[PDB]
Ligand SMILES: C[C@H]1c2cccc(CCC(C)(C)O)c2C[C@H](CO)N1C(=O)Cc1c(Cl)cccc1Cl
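Just the one chain here, laid out as structure tokens, in the form deposited without this ligand.
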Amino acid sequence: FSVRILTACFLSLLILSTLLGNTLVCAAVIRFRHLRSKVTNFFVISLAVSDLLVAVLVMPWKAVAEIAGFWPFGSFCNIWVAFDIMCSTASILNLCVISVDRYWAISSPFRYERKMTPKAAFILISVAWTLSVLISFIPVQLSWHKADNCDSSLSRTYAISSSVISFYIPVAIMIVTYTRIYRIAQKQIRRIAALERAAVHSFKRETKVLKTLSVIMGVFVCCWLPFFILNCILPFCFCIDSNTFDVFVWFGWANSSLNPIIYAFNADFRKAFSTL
């Protein structure tokens, strides 16, 4: 550990931050009740659960493999890839259903409170989780990740079909929902301006929503998309080698560590984080 010690410490603190954030969210949603009784909070709970999973059984193995050069549990490479997908695409689908819930609460809040009940929230969470299951576990049982040095990108026949329904369709739904959210928020902000400025007689608050969306949506994009575009073009091959592709994989996993600071940043969650 002379020049690799920097990357080793980086990965170590990344795992520690992910675990700390996810454990804080889980403890706030299982010890307190103001963060679990709300319907829109169940999706955040499921996201935090997927993040704890990727932090406990995905991140440490990949971290020790990177800081050791070799791959521990060589016979378990297929199982670790299954777990990695099952965790990462579940986190992506959790972000997608969070954005869908927020779009339903921003566009038609009455329809959201009438149709998207806690039971319906559980149904949507289960749908996302079983989607992650069909994306991860079944293709591994059929060995759809090939075409013991567990360092490969993905089988070109399965990579296109997996990254699309796992990220590209979820990220597209997320983009559409957050764009509609931004449009409705800027309309409400125009109304708020027409109220307050008239009371006094605009763009300072219209930029706050853009900044919070670039923190919520822009950070998730700048984290995961630089990895998924490679995941989609690396099996097609100027592409990049598998050594530098690990840097993009870790940059994408950094969204998992940033999720507690992004989605659990509200005052309702921060009040429970302060006392915990």
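Residue numbers run from 1 along the displayed sequence.
Note that the form solved in complex with this ligand isn't included here; everything after this is about it.
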| property | result |
| --- | --- |
| Result of superposing this ligand in the deposited complex onto shown chain, 2.4 Å backbone or C-beta criterion | open |
| Contact label in the deposited complex: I173 to this ligand, heavy atom within 4.5 Å | yes |
| Partner contact for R111 in the deposited complex: this ligand, 4.5 angstroms, heavy atom | yes |
| In the deposited complex, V127 touching this ligand (heavy atom, 4.5 Å) | yes |
| Distance check, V100 to this ligand in the deposited complex, heavy atom within 4.5 Å | yes |
| Residues within stretch 66-99 having a non-hydrogen atom within 4.5 Å of this ligand in the deposited complex | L93, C96 |
